[PDB]
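Engineer: Line by line, the protein sequences give chains B and A.
Numbered per the deposited numbering, the first sequence spans residues 31 to 171, 176 to 358.
Just so we're aligned, residue 28 is where the second sequence starts under the deposited numbering, counting upward by one.
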Amino acid sequence: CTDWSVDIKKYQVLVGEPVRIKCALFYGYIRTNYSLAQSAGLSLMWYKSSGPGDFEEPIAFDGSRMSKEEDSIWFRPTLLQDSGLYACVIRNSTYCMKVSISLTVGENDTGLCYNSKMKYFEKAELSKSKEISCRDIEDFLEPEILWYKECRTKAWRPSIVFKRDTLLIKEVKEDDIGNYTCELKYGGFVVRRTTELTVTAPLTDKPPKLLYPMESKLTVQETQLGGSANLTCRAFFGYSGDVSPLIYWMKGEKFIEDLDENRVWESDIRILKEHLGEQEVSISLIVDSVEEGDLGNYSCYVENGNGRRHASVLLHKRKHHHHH
Amino acid sequence: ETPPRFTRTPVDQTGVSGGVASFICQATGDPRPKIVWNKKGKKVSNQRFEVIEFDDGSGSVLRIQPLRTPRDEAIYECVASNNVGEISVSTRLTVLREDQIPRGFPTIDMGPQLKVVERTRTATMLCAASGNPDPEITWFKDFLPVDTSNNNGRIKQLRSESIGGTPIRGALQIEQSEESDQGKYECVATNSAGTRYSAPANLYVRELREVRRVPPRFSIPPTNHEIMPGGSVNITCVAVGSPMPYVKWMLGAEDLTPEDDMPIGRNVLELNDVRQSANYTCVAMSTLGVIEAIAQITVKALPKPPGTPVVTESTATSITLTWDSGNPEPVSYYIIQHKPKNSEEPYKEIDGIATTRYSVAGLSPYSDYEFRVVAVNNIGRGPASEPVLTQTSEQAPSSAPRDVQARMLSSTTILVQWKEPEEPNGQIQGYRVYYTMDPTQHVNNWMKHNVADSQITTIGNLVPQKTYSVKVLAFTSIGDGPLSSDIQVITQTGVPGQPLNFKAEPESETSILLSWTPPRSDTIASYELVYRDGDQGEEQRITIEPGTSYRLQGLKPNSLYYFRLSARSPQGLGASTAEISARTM
Ligand SMILES: *[C@@H]1O[C@H](CO)[C@@H](O[C@@H]2O[C@H](CO)[C@@H](O[C@@H]3O[C@H](CO[C@H]4O[C@H](CO)[C@@H](O)[C@H](O)[C@@H]4O)[C@@H](O)[C@H](O[C@H]4O[C@H](CO)[C@@H](O)[C@H](O)[C@@H]4O)[C@@H]3O)[C@H](O)[C@H]2NC(C)=O)[C@H](O)[C@H]1NC(C)=O
Ligand SMILES: *[C@@H]1O[C@H](CO)[C@@H](O[C@@H]2O[C@H](CO)[C@@H](O)[C@H](O)[C@H]2NC(C)=O)[C@H](O)[C@H]1NC(C)=O
Ligand SMILES: *[C@@H]1O[C@H](CO)[C@@H](O)[C@H](O)[C@H]1NC(C)=O
Ligand SMILES: *[C@@H]1O[C@H](CO)[C@@H](O)[C@H](O)[C@H]1NC(C)=O
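(1) Out of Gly389(A), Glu372(A), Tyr361(A), state which residue places its alpha-carbon closest to the alpha-carbon of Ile380(A).
(2) Please report how far the alpha carbon of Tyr57(B) lies from the alpha carbon of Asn63(B), in whole angstroms.
(3) Using a Cβ-Cβ cut-off of 6 Å (strictly less than) and excluding sequence neighbours within five positions of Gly389(A), which residues of its own chain qualify?
(4) Do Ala423(A) and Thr503(A) have their beta-carbon atoms positioned less than 8 Å apart in this structure?
(5) Would you kindly check if the distance between the Cβ of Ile291(A) and the Cβ of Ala216(A) is under 8 Å?
(6) Say whether the region 187 to 205 of chain A touches the region 139 to 158 of chain A, bearing in mind that this needs 3 or more beta-carbon pairs closer than 8 Å, one atom from each stretch.
(7) So, is the C-beta of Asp33(B) closer than 8 Å to a C-beta in chain A?
(8) Let me know the secondary structure DSSP gives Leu500(A) once reduced to three states.
(9) Where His358(B) and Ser262(B) are concerned, what is the direct C-alpha to C-alpha distance, given to the nearest angstrom?
(10) Compare the beta carbon distance of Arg239(A) and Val143(A) with 8 Å and say whether it is the shorter of the two.
(11) Distance, Cα to Cα, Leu66(B) vs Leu74(B)?
(12) Would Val301(A) be called buried (16 or more neighbouring beta carbons within 10 Å of its own) or exposed?
(13) Looking at the strands, I want to know which residues DSSP matches up with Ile318(A).
(14) Does the Cβ of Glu86(B) have 16 or more other Cβ atoms within 10 Å, making it buried, or fewer, making it exposed?
(15) Could you check what DSSP says for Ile290(B) in three-state terms: helix, strand or coil?
(16) Determine the contact status of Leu579(A) and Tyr554(A), defining contact as a CB-CB distance below 8 Å.
(17) Between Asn338(B) and ligand 2, is there a pair consisting of the residue's CB and a ligand heavy atom that are separated by less than 7 Å?
(18) At the level of alpha carbons, what is the spacing between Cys216(B) and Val225(B)?
(19) Residues around ligand 3, please: the ones whose beta-carbon is closer than 7 Å to some heavy atom of it, in chain order.
(20) Please compile the residues from chain A whose C-beta is within a distance smaller than 9 Å of the C-beta of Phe85(B).
(21) Would you mind reading off the limits of the beta strand (DSSP E) that contains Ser49(A)?
(22) Give, in chain order, every residue of the region 101 to 132 of chain B whose Cβ lies closer than 8 Å to some Cβ of chain A.
(23) Going by DSSP, which residues form a beta bridge with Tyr282(B)?
(24) Who are the Cβ neighbours of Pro330(A) in its own chain at under 7 Å, not counting the five residues just before and after it?
(25) Go through the residues and name those whose CB comes closer than 6 Å to any heavy atom of ligand 4, in chain order.
(26) For the beta strand (DSSP E) that contains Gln364(A), what are its first and last residues?
(27) Tell me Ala107(A)'s beta-bridge partners as DSSP assigns them.
(28) May I ask whether a heavy atom of ligand 2 can be found less than 7 Å away from the beta carbon of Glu184(B)?
(29) Taking residue 614(A) as part of the beta strand (DSSP E), name the residues at either end of that continuous run.
(30) Look at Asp351(A) and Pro332(A) and say whether their C-beta atoms are less than 8 Å apart.
(31) Once DSSP output is grouped into helix, strand and coil, what is the label at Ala402(A)?
(32) For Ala531(A), report the span of its alpha helix (DSSP H) as first-last.
(33) Per DSSP, which residues does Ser341(A) bridge with? Please list them.
(34) If you measure between the beta carbons of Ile303(B) and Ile320(B), is that distance less than 8 Å?
(35) For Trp299(B), I'd like the list of residues in its chain whose CB is within less than 6 Å of its CB, leaving aside the five on either flank, ordered along the chain.
(36) Can you list, in chain order, every residue whose CB sits closer than 7 Å to a heavy atom of ligand 1?
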């Protein structure tokens, strides 16, 4: 019997709302639908494991709460003991295949309506339009959606066009940050799907900004031979999305890492200041044994999807004391 | 000695920044070639570059992780070399940033997870990747490439069916897992755009299961039945095993319990109206095979007819019959119907014969009967056996010949005729005349004649004026019936036949009237009237006139007197009528 293990699509849900677990195998893996499987004289069976690896009991149905309509299972409502893996089996007598589907029955976080560990995630920009959706509902399908903010019914400002399953902030403010939990009726029961909104500055269109060192000011660092050297670049990035900042050093036409052999190397990019969602990052050059050898031109390079800016520093030594 | 030659050449690759790229070089030669990885002819070594060797002295893999762009972006080469020759192969490497990952580039949506199978058990690894065009899936174990060339073997590759819409599914199937299979596995998704790795998942392998699963098996099989047409019956089926199987009832192909609701382990069947016969299947299925077991439900309605209704003994008034039961099943008893051959009247019926042999009594001798046999049990009378006809053969006549009569023809010859017995009792094979000239001899010395169903015969050569005694019997093929007698006749002229409708009535206390009918013979002299006072009287004769009736006078009141008639012709005396007696008033 060909086992496909746990399916990609997980089912998570708050103790007390209805849930319809479709069998994944029809909707992806295998070619046909349910009715045809029956026609060809195949059996459909369900088993329930409590996790891996507990042995699967063939799951005892009533008809009220835990029913078995055609190719899925219906819970109404969900119960804490309902959590687990639900194996879904199909069979000729020369043919056997099953997949597991994962179901997590969770509880509201202390004082709230949502579960803190069980909410979606979205992001938006100031002065630009975001459309929060209410997703994965499709099985319950234009009824009334009651949007809450931090689990409290509020009076919404005029820039917010509620349609059916959506809501559209035509101009996003900083206040818009928070936990939008939407609510829906069916069953009759109550289902909740909550998404946390974080907002950022708009998409920067300018190349980053050097600090240490300035893009014009040829600044110089003193060092003596045999000492160790710390050339700490410091630059500023406008919000460029999830893309990690691109800041790096160079010596002439040599890139640092290749030159080394464990004497001269680039650190790990520290984030010094992070704020919705623009950053002030830092990466430093490190020279262990300062030869003659290393002295001279080291340029810090900064770059995003808007251009490439570099600044230049100097590595050198102080001569004899004020004796001239 | 042979120079080195490639068994596997590296192919170009295109990976993604902060990801993985792998290159493969495997080679054969004598002696075993050493392998070196070059960037522009120079044996490169680099902490971001790792070289892994195959357990067999073959080749090696170059792995670069995490990818850095555009540094790594360069032309590399594989070189295999021994002191017998040298070989090299070129290949190109490209690395991308995610800021310009093409639309339709592979992405891992879900990667393999830690799995623990026991040794010699089937392990399956799972993966999820998407892309446009559709991604190719490959596998690595402990950094080395698997490749299963023969696709049939302990280790085989499974593939998803691409419905137009979903991520590509993909798996690695390992029959009979062994400890060599232990290690750190990672999967790889490729297409014309580039290559992406999932995250590493370790595989673990244990020695044995505490206990393994149990295939389904019948605790309570489904038991056959006979029932009346439309009765009731509770049929129970119970299956067990681990995991416990479901039990659906089945009429061969079609399923009897509806899929959207199918009970677990214990289904008991309630039946209503079996009219026609049928076959019922009870299926149990766990994940360790499907098992079956059938029940036959049939209704009977009657025994079949017996066979061989054959007679092994017979008598004249009874017949002993035997038959085989003719039936596979338990019949309670049998009933025999019989009536005479060519009779259209209803058959007689005999109840309760508890065996396969029976003697039918109370029959009439030498009489024809037709038989069939039917078996009966508690449902009803079945069809009759094939029929049998049989004649009750009588072993001899049981009555004397009737109407033995004789009359004279010529002077040396007489004519004897008679009619058939009331008890002919068989095919009459003939008749017998015991004629003789000497009515005092023992019978084997009298003289012998023969008739064969002709009712009449003549006997000649008698000498006139002699007493001949005569007696007659009938015989069948088995043997002889009884004798009749009344002849010691004297051989002269022809004689008349005794009258019929002979009766006597007392017209008075001293007178009595007689009514008789004269035969055909017109020439009649007179009739003979033997009267005697009762039984001990004297045989006196009276002269009566040839007419129709006569009046006798001169008798005693309230007294009995016997009388005996015998026609008298002027050529000779005839035959005598039945003995009648009349009482005076
Ligand atoms: C090359 O030379 C440069 C010198 O310019 C070095 O740069 C500094 O390295 C030091 C390493 O110790 C860093 O020191 C750290 O300061 C951080 C900033 O303070 C926090 O708090 C403020 C609130 O006032 C926040 O706004 C701010 O964002 C920070 O979160 C700390 O985060 C560091 O860690 C922690 O230290 C104490 C333990 O004593 C904890 O309890 C605290 O919670 C604190 O978080 C640390 O204190 C310094 O930031 C670096 N400066 C720059 C500009 O990068 C390079 O390290 C050096 N390179 C080498 C040696 O390789
Ligand atoms: C939106 O919901 C999140 C999740 O509960 C809140 O995050 C919490 O913030 C408080 C700060 O007072 C912390 O003490 C909690 O530990 C956080 N919880 C989690 C799960 O991160 C967030 O505060 C909410 N937004 C608002 C405006 O209240
Ligand atoms: C059932 O078994 C047959 C065996 O010929 C196989 O071809 C088929 O794919 C199996 N499943 C269905 C739905 O027919
Ligand atoms: C659990 O959810 C209910 C809503 O059904 C809510 O009223 C309650 O506050 C939640 N529990 C806690 C501890 O907050």
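Ideal Cβ positions, reconstructed from N, Cα and C, are used throughout, including at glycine.
Structural biologist: According to the structure shown:
(1) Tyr361(A)
(2) 8 Å
(3) none
(4) yes
(5) no
(6) yes
(7) yes
(8) strand
(9) 29 Å
(10) no
(11) 12 Å
(12) buried
(13) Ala311(A)
(14) buried
(15) helix
(16) no
(17) no
(18) 9 Å
(19) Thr62(B), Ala67(B), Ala70(B), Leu72(B), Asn122(B), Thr124(B), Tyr125(B)
(20) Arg240, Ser269, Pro270
(21) 48 to 55
(22) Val119, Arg121, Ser123, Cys126, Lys128
(23) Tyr335(B)
(24) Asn354, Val358, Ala402, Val403, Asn404, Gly409
(25) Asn138(B), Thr140(B), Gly141(B), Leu142(B), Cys143(B)
(26) 360 to 366
(27) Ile62(A), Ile114(A)
(28) yes
(29) The structure shown does not extend to residue 614(A), since chain A spans only 28 to 612, so no value can be given for it.
(30) no
(31) strand
(32) Premise fails: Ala531(A) lies in the beta strand (DSSP E), 527 to 532, not in any alpha helix (DSSP H).
(33) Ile346(A)
(34) no
(35) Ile320
(36) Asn264(B), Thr266(B), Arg268(B), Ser301(B), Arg304(B), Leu306(B), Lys307(B), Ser316(B), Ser318(B), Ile320(B)
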